[PDB]
Amino acid sequence: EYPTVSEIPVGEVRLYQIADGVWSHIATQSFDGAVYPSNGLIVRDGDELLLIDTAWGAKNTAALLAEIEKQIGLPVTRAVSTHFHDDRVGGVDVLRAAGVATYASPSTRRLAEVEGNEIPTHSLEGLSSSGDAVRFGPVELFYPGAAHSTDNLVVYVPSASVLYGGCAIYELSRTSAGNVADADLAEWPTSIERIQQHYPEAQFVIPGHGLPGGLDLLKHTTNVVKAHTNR
Ligand SMILES: COc1ccc(O)c(-c2n[nH]c(=S)n2NCc2ccccc2C(=O)O)c1
Ligand SMILES: [Zn+2]
Ligand SMILES: [Zn+2]
Ligand SMILES: [Zn+2]
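For each chain, numbering restarts from 1 and follows the sequence as written, which can differ from how the entry numbers it; residues lacking coordinates are not listed. Chains and ligands are labelled sequentially in the order written, the chains with letters from A and the ligands with numbers from 1. The side-chain values count all of the structure's non-hydrogen atoms but skip hydrogen atoms and water molecules. Residues with missing side-chain atoms are left out of burial classes, side-chain pairs and their counts.

- Structure determination for this PDB entry is given in the record as X-ray crystallography, at a resolution of 1.9500 Å.

### Brief notes about the sheet that holds strand β3 (residues 34-45)
And then number 1: Strands sit in the order β1-β2-β3-β4-β5-β6-β7 across an open sheet of seven strands; the sheet is mixed. Two strands lie at the open edges of the sheet, namely β1 (14-15) and β7 (122-123), each paired on one side alone.
And then number 2: Think of it this way: DSSP has to see at least two bridges between two strands before they count as a pair. By definition, any uninterrupted DSSP run of H or I lasting at least four residues is a helix, any uninterrupted run of E lasting at least two residues is a strand, and each is numbered from the N terminus. For strand β2 (residues 22-31) and β3, the ladder comprises 10 bridges, and the chain directions are antiparallel. In the sheet register, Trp 23 faces β3, and the bridge partner there is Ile 42.

### Quick notes on the nonpolar core
And then number 1: In plain words, nonpolar cores are sets of buried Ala, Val, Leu, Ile, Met, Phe, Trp, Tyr and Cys residues tied together by side-chain atoms within 4.5 Å. Note on classification: 1.4 Å probe, protein chains only; a residue is buried when its accessible area is under 20% of the maximum for its type, exposed when over 50%, partly exposed between these limits. Within the largest apolar cluster, 22 residues are counted, with the highest numbers of intra-cluster contacts made by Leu 41, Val 80, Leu 124, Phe 136, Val 139 and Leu 141.
And then number 2: Within the second largest apolar cluster, 21 residues are counted, among which are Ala 147, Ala 177, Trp 188 and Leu 215.

### Observations concerning the pairing of strand β12 (residues 204-207)
And then number 1: Pairing analysis gives four bridges linking strand β11 (residues 162-166) to β12, with the strands arranged parallel. Across the sheet, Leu 163 pairs through a bridge with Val 205, a residue of β12.
And then number 2: Viewed with both strands pointing away, a crossover whose connecting path from the first strand over the helix to the second turns clockwise is right-handed. Handedness of the crossover joining β11 and β12 through helix α5 (residues 188-198): right-handed.

### With respect to the environment of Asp 20
And then number 1: Following the sequence through the fold, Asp 20 ends up in the loop between β1 and β2.
And then number 2: Residue classification places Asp 20 among the exposed positions, given a relative accessible area of 75%.
And then number 3: C-alpha of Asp 20 to C-alpha of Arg 44: the two residues are 24 residues apart in sequence and 8.6 Å apart in space.

### Thoughts on the packing of α5 against helix α6 (residues 216-229)
And then number 1: Fitted lines through C-alpha atoms serve as axes, helices being fitted only where they are in contact, and the angles separating the N-to-C directions of these axes extend from 0 to 180 degrees. Between α5 and α6, the least distance of the axes is 10 Å, while the angle of their chain directions is 175°. What the angle tells us is that α5 and α6 run roughly antiparallel. Between α5 and α6, the contacting residues are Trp 188, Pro 189, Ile 192, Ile 195 and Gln 196 on the first element and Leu 218, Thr 221, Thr 222, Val 225 and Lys 226 on the second.
And then number 2: In this classification, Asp, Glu, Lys and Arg are treated as charged, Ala, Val, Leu, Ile, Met, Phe, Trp, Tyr, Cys and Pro as nonpolar, and every other residue, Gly included, as polar. Of the residues assigned to the contact of α5 with α6, the class counts are six nonpolar, three polar and one charged. Just so you know how the angles are binned, under 35 degrees is roughly parallel, over 145 roughly antiparallel, 65 to 115 roughly perpendicular, and the rest oblique. By the convention used here, residues are in contact when the closest approach between their heavy atoms is within 4.5 Å.

Following this line, the structure appears as structure tokens:
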């Protein structure tokens, strides 16, 4: 039963094992009087944890580490932010203070710095060209090309067929485009095509926000992006 926007108060974080040593983390945040859910990933790396993305702010991210310290007991050693916006890097100073090594592509780090946002300390090399893939312990990092943002990465857990799409992939419940202020609408469908062509084997697909599904979430995102383009 995947945790939903309701059963999580803004300030709290729930974990949801997906497979052997793979969790999503689920948080909530208020924007413009509404409440939205947010997903990241946790991947066991021997006796320690890889974190993908913050829980959308300093308070939610301190809760996330406390919820990891109650429920799993292993130390987060590294974190990756999948793009430069506040829902992915907000909480990076909290991670750093606790001893977590924070990572992002040089492009994410430059865009975060221009935007004023928290800047992960470490640089991920070899992701500057669309279709680039690099190994990062128990996951592959993949730059599909510009989509939700010019810098957006996706993460694959070969051991488990878990594709974490971040904010480049929409949940089925989302039937209109969200925040596309920094998006490349022209390149978004091609970038999703590179994800399909690189990861046909994926069996679990986690959007940046809301429910996981199958690879149908890629075709869903393409349908929503194209409808928005033709507004
Ligand atoms: C200060 O934090 C914010 C506020 C508003 C925002 O749109 C964001 C944000 N930047 N990048 C993304 S993705 N953000 N969240 C977007 C969002 C949140 C919930 C549901 C759907 C979306 C979406 O626009 O795709 C971050
Ligand atoms: Zn964003
Ligand atoms: Zn997002
Ligand atoms: Zn659809």
